[PDB]
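Trainee: Got a structure here, written out as C-alpha cells. Questions coming.
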Ligand SMILES: *[C@@H]1O[C@H](CO)[C@@H](O[C@@H]2O[C@H](CO)[C@@H](O[C@@H]3O[C@H](CO[C@H]4O[C@H](CO[C@H]5O[C@H](CO)[C@@H](O)[C@H](O)[C@@H]5O)[C@@H](O)[C@H](O[C@H]5O[C@H](CO)[C@@H](O)[C@H](O)[C@@H]5O[C@H]5O[C@H](CO)[C@@H](O)[C@H](O)[C@@H]5O)[C@@H]4O)[C@@H](O)[C@H](O[C@H]4O[C@H](CO)[C@@H](O)[C@H](O)[C@@H]4O[C@H]4O[C@H](CO)[C@@H](O)[C@H](O)[C@@H]4O)[C@@H]3O)[C@H](O)[C@H]2NC(C)=O)[C@H](O)[C@H]1NC(C)=O
Ligand SMILES: N#Cc1cc(Cl)cc(COC(=O)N2C[C@@H]3CN(C(=O)c4ccc5[nH]nnc5c4)C[C@@H]3C2)c1
Ligand SMILES: [Ca+2]
Ligand code: NA
Ligand code: NA
Ligand SMILES: [Zn+2]
C-alpha cells in the first residue's frame, strides 16, 4: 500500500527516496507506481514544448510551462536549454570551436568538477563513423575529447549486466546480474525484465558508484529514469539539480537513453529507420551542452558518453531448436535467445543427465550455430561461471543466431531484426566511449578497453576511493590529464631458492630412463655458465615473475630457458624462453622419444616420477620448454629434465605439440622474435583465482602430482617489429591464451582433421589478458622493463581478439 494522498509540491525529483506508505516524487516512482496524485501535473509539465521561440523571449513567468524563457529563468535554474541562443544572441555549443580545457573553469562554490554519465542503450561502436553526418554534437565531443575506437562490454552483452558492470567495476558473475532472466536456487526466486522481483536488493551485489559516492560524502543524482519521463525532462532535471545550493547539489549524475537499442531490435543495426534515433540522441546531447553552457558549466563538467552493448542482425529464421537435437525436451528449462542456459525442469526428476544433454548437443549437424559447454569449460576471458545463478549447461550462440527450445516458443511466445547478448569479443557487440572535460585529455585517441575499467576512473574523477573491483586501477590513466592514480607494483611474497648440483643420479628412483650416457674444459666451463644463469638475459626479458603468495620454489637456469619450479606442485609455475626470427625447429631424435632425466638440482622427493604416468592409463606428459626449439643437440637434453615435465591428456598433447612445433616458430617469424612464458593453471572451483593445493580435484593416479585445469602462454615481442624481441627499446606487444586442459577435443568439431585446420582456432577462442593469467597463478609479470608502470598495466589488460578491423 502507498497512501498517495500527500503531494509533490516543492518536491519534484527530490533526491532521497522516502519510505512507504508516504507517496514518492523521485525519478523512479512511476516504475514502482507510488507517485503522489499530483506528480504528473507538477513534475511532468509539457506545456509549450522544450524550445524557446522569439516571441517567448522576455515573457512573464507562467509556472505551467515545461520550461521558461522569462528574464528570471537563469536565477530559477529552469530556462529552456536554447534560451540564451534564441533570446540572448548566444551560439549553440556545437557551433563553437573546440578550445582545450586545461583547468576546470567552475562557478564559485563548486568543490570539484561534476561528472555526467550520458549512457546510451544499444549504441554500436561503428555508429561513431557510420552515423557521423547526423551526430554533430556527439562528433564534437569525440573529436575534442578523449575517445576509444570502441569499448568492450562484458558477457552476456545484455543491458542490465553491462550497466551494472559500468556502475560497480565487477564481472556479472560477481555483481550477480548474470542475465536478463535469472533463477536463484538459494532464494528459490526468479528475476525477470518485466516485474517487481528485480527491485529486491538481494539480487544486486557489489558497491555501485552512487553508493561509493554517498559513503564518502559526495552526493549523487539518482541514476535511474522511468521510461515515461521524456528525454527533455531528464536533461532539464539534471540541469535543475546542478543549480541547487552547494551543500545539496550532487557531484555525479546519469542520463539514460533507451535508444538506439529500441529501434535496433525492430529494424536491425543499420536499418534505414536507424538514422532518426541517432539524430534524436545527438539533439539531446546538444540540449545538455547548451544547458551546461548557460550555467557556465561547459568547461567545468566531465562528460562521459558511454554505451552498454552493440546490436547485431538477427531474424526469426536464424533460430536453432533444441527439439531438433533432444528427445526429452520437456524435461528441461531453457533460458533462450543469443545465449542459452539449461537446467532440469524438476529437481525431483533423478533421470535428468547433464552429460547426455551435452553429448546430444555436441557437433550434431555440419553447420550447427551454437556450442554447448559446461560453464567451467567456457573461455576464461568470459569470467562467466562462479555464480549459482549461472546454470551448469551453457550454449554459446553464433553471432546472428538464436537458440530456442521448440518452434512454438518463437511463433507463439517476424517481430525483430536486431539483437545482442553474444560473446563479448564479437565486433557487432562492441560499444562506445568518449570522455570530455577538464580532467580528460584533449583530442586524444586511446586503445580499446573493457568496461570493467571505468568504475575506477569515475572514482578518480570524483576523488573517491573505489571499492574492490575487477578493473586494474591505473590501466586507464592514459585517458586523464590529471587525477591519475599512481599504483605501486605488489610486493613479492616468496623469494626463490637457487639450487646447485646436490643429488647423484642413483638417488633417484623415478622409473625414468633416458639414452643419454654418450658424453673438455672448452664446452664444460660453458654448460656450468648456462646452469648459473649466463644466457638468462636472453630468455628472461622482463625480470622474473613475482610470486605473490607463500610457497617454496626454485629458479632453474638452462641454455635455452629459465623456470620457476614449485616444490609444492612438483612442476614449474612458469617457464620463460626467447625464440628469435632466425631460430630453427628440429625434431625429437628417435632414441630420445621417451627420455626423462632426473634434475640433480632438485631432490627426488620434490620430483615427479615416470611410473605414475605409466600406471595412469588416462594421463600422459608434455614439456613446457619445447624440445623442438632446442638451440643445439646438446642443449636438447635439458628439455627432457623431469623438472620441465607437466601432465597432459593425450588429446591435449595434440594441441600443445602443434603449438610448440609449428605456432611458436610462426609467431617468431611474424613478430621478429618472441618471448614465451608458459605454465600450468589450477582453477578447479572456477572462480578465476589460483587454487590452493587442498582445492585440487585430480592427481596423476597414485601420486601427489596435481593435474592442471588449464595451460597458459604469454607471448611478447616488440611493438615496433623492426626491432627483435630480445633488443626492444620501446613499447611491447603481447598476446596470450589460457587453453583448457581437456581429455577430449569435443569442443573442436574438426578435430579429426589435421591440427592445421583446428588448433589455432581453439587457441584464438581461448585468448586471454595477462591480468587474467595473473589472477589464475598469483604471479606478477613485467616487473623489470624500461616502461612506465601505467603503460605496463595497460599491456596487462590487453586482449588479442582476432576479429577483423571495425
Ligand atoms: C572481481 O572482484 C571481486 C571483488 O574484489 C572479487 O570478489 C571477491 O573475492 C573474494 C574471494 O573469492 C571474496 O572474499 C570472500 O568474502 C566473504 C564475505 O563476503 C560477503 O561480504 C562481502 C563484503 O561486503 C562489504 O564490502 C565493503 C568492504 O569491501 C563493506 O564496507 C560493506 O559494508 C559491504 O557490505 C560481499 O561483497 C559479498 O558479496 C557476495 O555475496 C553476495 C551474496 O552473499 C552477493 O549479493 C554478491 O553479488 C557477492 O557474490 C559473489 O561472491 C561470492 C563470494 O563472496 C560468491 O559466492 C558468488 O558466486 C558471487 O560470485 C558477501 O556478502 C568471506 O566470507 C570469504 O572468506 C572465506 O574464505 C577465507 C579464505 O582465506 C577463509 O579464511 C575464511 O575462513 C572464509 O571461509 C569460510 O567460508 C568458506 C566458503 O563459504 C568455507 O568453506 C570455510 O570452511 C569457512 O567457513 C572471502 O573473503 C569477496 O567476497 C568477493 N567479492 C565480491 C563482490 O564478489 C573477484 O574475486 C574478482 N574476480 C577476479 C576473477 O579477479
Ligand atoms: N546500474 C546501473 C546504471 C549505470 C549507468 Cl552508466 C546508467 C544507468 C541509467 O540507467 C537507467 O536509467 N535505466 C532505466 C531503465 C529502466 N530501469 C528500472 O526501472 C530499474 C532497474 C533496476 C533497479 N534497481 N532498483 N530500482 C531499479 C529500477 C532500468 C533501466 C536502465 C544505470
Ligand atoms: Ca580457483
Ligand atoms: Na625413458
Ligand atoms: Na572434436
Ligand atoms: Zn536490447
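Only the coordinates and a few stated rules stand behind these numbers; no lab work does. Because the Cβ atoms are built from the backbone with ideal geometry, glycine has one as well, and the counts that use them run over all protein chains shown.
Trainee: For region 638-649, how many residues meet the condition of being more than 22 Å from residue 701 (Cβ to Cβ) and assigned to a helix (DSSP H, G or I)?
Mentor: Total satisfying the criteria: 2.
Trainee: Sticking with this one: Name, by its number, the condition in (1) assigned to a helix (DSSP H, G or I); (2) in contact with a strand residue (DSSP E or B) (Cβ under 6 Å, 6 or more places away or on another chain); (3) more than 19 Å from residue 572 (Cα to Cα) that does not hold for residue 531.
Mentor: Among (1) assigned to a helix (DSSP H, G or I); (2) in contact with a strand residue (DSSP E or B) (Cβ under 6 Å, 6 or more places away or on another chain); (3) more than 19 Å from residue 572 (Cα to Cα), residue 531 violates only (3).
Trainee: When only residues in region 417-459 that are away from ligand 2 (no atom under 16 Å from the Cβ) and in a helix (DSSP H, G or I) count, which is farthest from the chain's Cα centre (by Cα)?
Mentor: 428
Trainee: Are any residues in region 402-417 within 16 Å of ligand 6 (Cβ to nearest atom) and buried (at least 16 other Cβ atoms within 10 Å of the Cβ), and if so, which ones?
Mentor: Within region 402-417, 402, 417 qualify.
Trainee: Test residue 298 against the criterion of being more than 30 Å from residue 395 (Cβ to Cβ), touching a helix residue (DSSP H, G or I) at 6+ places or on another chain (Cβ under 8 Å), assigned to a loop (DSSP other than H, G, I, E, B) and more than 16 Å from ligand 1 (Cβ to nearest atom), and give yes or no.
Mentor: Here the answer is yes, as residue 298 does meet what is asked.
Trainee: Can you pull out the strands (runs of 3 or more DSSP E) entirely within region 650-762 that have at least 3 residues that are away from ligand 6 (no atom under 16 Å from the Cβ) and farther than 30 Å from residue 785 by Cβ?
Mentor: none
Trainee: Among the residues of region 118-162, how many are outside any helix (DSSP H, G or I) and closer than 30 Å to residue 398 by Cα?
Mentor: Residues flagged as outside any helix (DSSP H, G or I) and closer than 30 Å to residue 398 by Cα within region 118-162 amount to 21.
Trainee: On to the next question. Looking at region 482-507, which of its residues are closer than 30 Å to residue 103 by Cβ and touching a helix residue (DSSP H, G or I) at 6+ places or on another chain (Cβ under 9 Å)?
Mentor: Within region 482-507, 483, 484, 485, 486, 487, 488 qualify.
Trainee: Under 26 Å from residue 613 (Cβ atoms), in contact with a helix residue (DSSP H, G or I) (Cβ under 6 Å, 6 or more places away or on another chain) and more than 16 Å from ligand 4 (Cβ to nearest atom) - does that describe any residue in region 508-520?
Mentor: Within region 508-520 (the criterion being under 26 Å from residue 613 (Cβ atoms), in contact with a helix residue (DSSP H, G or I) (Cβ under 6 Å, 6 or more places away or on another chain) and more than 16 Å from ligand 4 (Cβ to nearest atom)), the answer is no, since none of the residues qualifies.
Trainee: While we're looking at this one, here's another question. For region 372-392, give me the residue count where each residue is buried (at least 20 other Cβ atoms within 10 Å of the Cβ) and not in a loop (DSSP other than H, G, I, E, B).
Mentor: 5
Trainee: Within region 290-310, track down each residue that is within 13 Å of ligand 6 (Cβ to nearest atom) and surrounded by fewer than 24 Cβ atoms within 10 Å (Cβ to Cβ).
Mentor: none
Trainee: Only residues that are more than 22 Å from residue 455 (Cα to Cα) and under 22 Å from the mean Cα position of the chain (by Cα): list them for region 176-231, please.
Mentor: 181, 182
Trainee: Let me ask another. Residues 577, 503: which one is more than 16 Å from ligand 1 (Cβ to nearest atom), assigned to a strand (DSSP E or B) and surrounded by 16 or more Cβ atoms within 10 Å (Cβ to Cβ)?
Mentor: From the options 577, 503, the qualifying one is 577.
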